[PDB]
Amino acid sequence: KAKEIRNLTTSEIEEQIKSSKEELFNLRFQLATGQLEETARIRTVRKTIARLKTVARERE
Amino acid sequence: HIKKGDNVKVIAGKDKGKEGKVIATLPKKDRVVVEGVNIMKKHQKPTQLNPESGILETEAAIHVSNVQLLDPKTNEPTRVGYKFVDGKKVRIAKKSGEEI
RNA sequence: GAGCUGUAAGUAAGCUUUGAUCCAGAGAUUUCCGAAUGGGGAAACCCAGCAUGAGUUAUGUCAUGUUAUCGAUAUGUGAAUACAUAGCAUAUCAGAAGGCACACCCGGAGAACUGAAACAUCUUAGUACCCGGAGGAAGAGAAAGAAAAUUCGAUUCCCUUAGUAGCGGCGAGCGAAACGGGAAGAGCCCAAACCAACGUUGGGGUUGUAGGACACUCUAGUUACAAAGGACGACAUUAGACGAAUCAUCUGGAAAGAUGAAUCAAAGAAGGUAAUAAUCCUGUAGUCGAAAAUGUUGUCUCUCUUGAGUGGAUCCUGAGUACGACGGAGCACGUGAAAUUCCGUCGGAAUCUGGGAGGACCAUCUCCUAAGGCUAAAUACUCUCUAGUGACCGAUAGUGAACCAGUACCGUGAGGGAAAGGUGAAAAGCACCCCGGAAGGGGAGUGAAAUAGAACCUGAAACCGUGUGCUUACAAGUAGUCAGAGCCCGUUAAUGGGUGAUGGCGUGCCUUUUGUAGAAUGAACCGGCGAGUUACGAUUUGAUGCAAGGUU
RNA sequence: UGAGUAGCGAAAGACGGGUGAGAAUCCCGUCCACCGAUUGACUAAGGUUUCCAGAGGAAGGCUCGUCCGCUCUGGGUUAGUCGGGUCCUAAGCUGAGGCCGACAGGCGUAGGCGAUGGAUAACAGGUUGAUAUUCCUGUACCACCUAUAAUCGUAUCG
């Protein structure tokens, strides 16, 4: 239900960098050491990346 | 079809005739839980420290084909239909045309 | 239209009436191996060439494109042969490849065991296996035919003809066709004579009741063959939505049962629901419904496109072909008196007064025009999809497999292959106490039932045990039978039941034999499974219908 | 059933002290005995986590078991030089174009693939419950890249 591709294509590639590298990567470290609660936050960021890539390939 | 929050009357079973509110519904195997019927005795957590205090009793799920809806004007167990008078599909009684 | 994050319960963190999870249509993504195709290779791995780009003062390392072979058509195409056919060079094209239903269909190649009571001709059999090419069907197909009637008019398939004609060490055995009755049923394009053009394009022209070229006046598209591209409306497939009618009282843990009164039906199919439901729940009869994609079928559009009589002084109508001898094969037909069709070798015709066929061959008389090429329907089959049926199986059965099976397991390998379903309506899966290190038990609780406690429905026999009523330590035993004291119990109630001191008579069972206690064979014991069947023909009996008729 | 019958797979063990419900069999100590061109120390093939630590005693171990190559839960393989590839080739295998053959296919030139051989830069110590030419210390060598100097230039690369 929550779509995050209302923006243009210029700021779009900036979101795939911020969502994956600074957000999805940090949550995997805190899970390994045993410091992260709210484990459902991982599946949310995984879909935010996929929704961004679907619209990018769709615009062609 | 029985949703969560109605006022049904039990038709068959060891606790038939009584009336209660449907608090939970298990639509996969078509089971409903009615507040006041099917009490079970459960020896909870032998090894686990609740801290345990004895035997606890809650309600057990009853089959959906044993409870029936009630009528707002006559208070009797009736079937249901669909009049479709509203844009959304409404549910009406069988003994009368009022909404359930 | 309110819950949900599979089997699979747990503990966690979250999403959802601002429409989650789910059910259909169309899209995006799609690591590596595999025809695997840049090179290599022990499949799922290793090592590279070019083109920009990311990173560095710089080399190393990454990312995305691209580079196999053969074939076909363009261009450089300048060899040993001077001029020029070979080699080479690069650029193009949903060009080819490799799979699956070991079913069906054409073609190449091609056994044996077996039957003949041996065996070689023959049969099994052009069957099994292997190989190639396909298709949704394939193959066949528009008379050089079948016939003998005053004729029929492409092919294929089903009944009958008929176990007849015939073939056959005339042995075993093999085995037709036409006529007739039905399903289905449109037929057309090339070569040549000829006419304008440069061996070549187009017109022209396609046959046996003889056709065309030539001469004289003149006048419907069937895109499934027939030449082949496109915008062109109604159903149909792929998700679904409504959908009539019952209440009470007894027994029970529980009603749908029984006993009472009632009500629906174009709906009394079926399944579930604490037990057996037309009216409790999914449904059924009957109506309605499609964004989007794919089908089947149309009305117009678009693309093709002048129809017939008269005409032989002169031309055309398929050549190393038809056919013959020789060696084989195929037609029911084994070389026989073998016609009619094919293959290899070598000879080798005729040109409408023509040529072929009518079971050697000749004559007459009839029917038909070989040597180029296409063609839908009735037919065969099922790895599948969807909706249903059974005097079919019910866990040693039914597929090898109801089960996480082609899996444990067994072989270097090709390959071979099992065993294993059931607690209860509902986990409500035994809190707590006692012995014990545990395991397992004794109570208390849950439940209608716990000798229903997950090694969980019912629980047979072999076999292993614990008690007791009669009897047995001087006796020679296929272990029973008939007679019979004593002792001990009391029946489906009758000329009763259990035990057996002592006396008579008595060498198991089945196979196979002139003959078996046999020292002839088979069985350790118990349970389950385990062998004259069905289809099509013939003959003889009983029954039933009709009768010089009977029956499809 | 045979039946509480055969067997329990070459060999020297004894005692004291611990652990624990339970010890001829596990742990520690002492004495005694066996092998020692090997019953010791390294490695190739092959096996594929059997290696280490803390827990467990139902089944497996031909007895017992508190123990284990068994069970459960967490861990453990570090390379420019050591072995193999980015190097070379034997036998053999495969082979563009070609030759042959009812099909399938067979043979073979150029060219490839292929070590058990030829070439090729590192040696001493320390350290952990499990790794060492690999990690850490000490001193070296080799292929390449860039930036500065001797010196150029008929140098120079083939």
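Working carefully through the options B:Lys29, B:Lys14, B:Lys21, B:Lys45, find the one that is part of a loop (DSSP other than H, G, I, E, B) and within 21 Å of B:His1 (Cβ to Cβ).
Numbers: B:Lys14 fails: within 21 Å of B:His1 (Cβ to Cβ); B:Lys21 fails: part of a loop (DSSP other than H, G, I, E, B); B:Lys45 fails: within 21 Å of B:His1 (Cβ to Cβ).
Going through B:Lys29, B:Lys14, B:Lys21, B:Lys45 in turn, the sole match is B:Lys29.
Cβ-Cβ under 8 Å, sequence separation 6+ or interchain: first residue in segment B:77-99 and farther than 15 Å from B:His1 by Cβ, partner in a loop (DSSP other than H, G, I, E, B) and polar (S, T, N, Q). Which pairs?
So the pair list comes out as B:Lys95/B:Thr74; B:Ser96/B:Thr74.
Residues in segment B:55-76 that are under 14 Å from B:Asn7 (Cβ atoms) and either acidic (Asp, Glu) or within 14 Å of another protein chain (Cβ to nearest Cβ) (or both): how many? Before you say what the answer is, go through the steps one by one.
Pass one, segment B:55-76, residues under 14 Å from B:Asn7 (Cβ atoms): B:67-76.
Still in the running and either acidic (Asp, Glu) or within 14 Å of another protein chain (Cβ to nearest Cβ) (or both): B:71, B:76.
Counting residues in segment B:55-76 that are under 14 Å from B:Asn7 (Cβ atoms) and either acidic (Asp, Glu) or within 14 Å of another protein chain (Cβ to nearest Cβ) (or both) gives 2.
From (1) surrounded by 15 or more Cβ atoms within 10 Å (Cβ to Cβ); (2) more than 7 Å from RNA strand C (Cβ to nearest atom); (3) not charged (D, E, K, R), pick out the condition that doesn't hold for B:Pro77.
(2)
Of the residues that sit in segment B:3-54 and are near RNA strand C (Cβ under 6 Å from one of its atoms) and among the hydrophobic types (A, V, I, L, M, F, W, C), which one is nearest to the other protein chains (Cβ to nearest Cβ)? Write out each step before concluding.
Quick first cut of segment B:3-54, residues near RNA strand C (Cβ under 6 Å from one of its atoms) only: B:3-4, B:12-14, B:16, B:25, B:27-28, B:40-43, B:46, B:52, B:54.
Filter once more, keeping what is among the hydrophobic types (A, V, I, L, M, F, W, C): B:12, B:40.
Numbers: B:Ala12: 42, B:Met40: 33 Å.
By that ranking, first place goes to B:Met40.
Each reported figure results from applying straightforward, stated rules to the coordinates on display, with no laboratory input. As a convention, Cβ positions derive from the backbone with ideal geometry for all residues, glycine included, and neighbour counts pool all protein chains shown.
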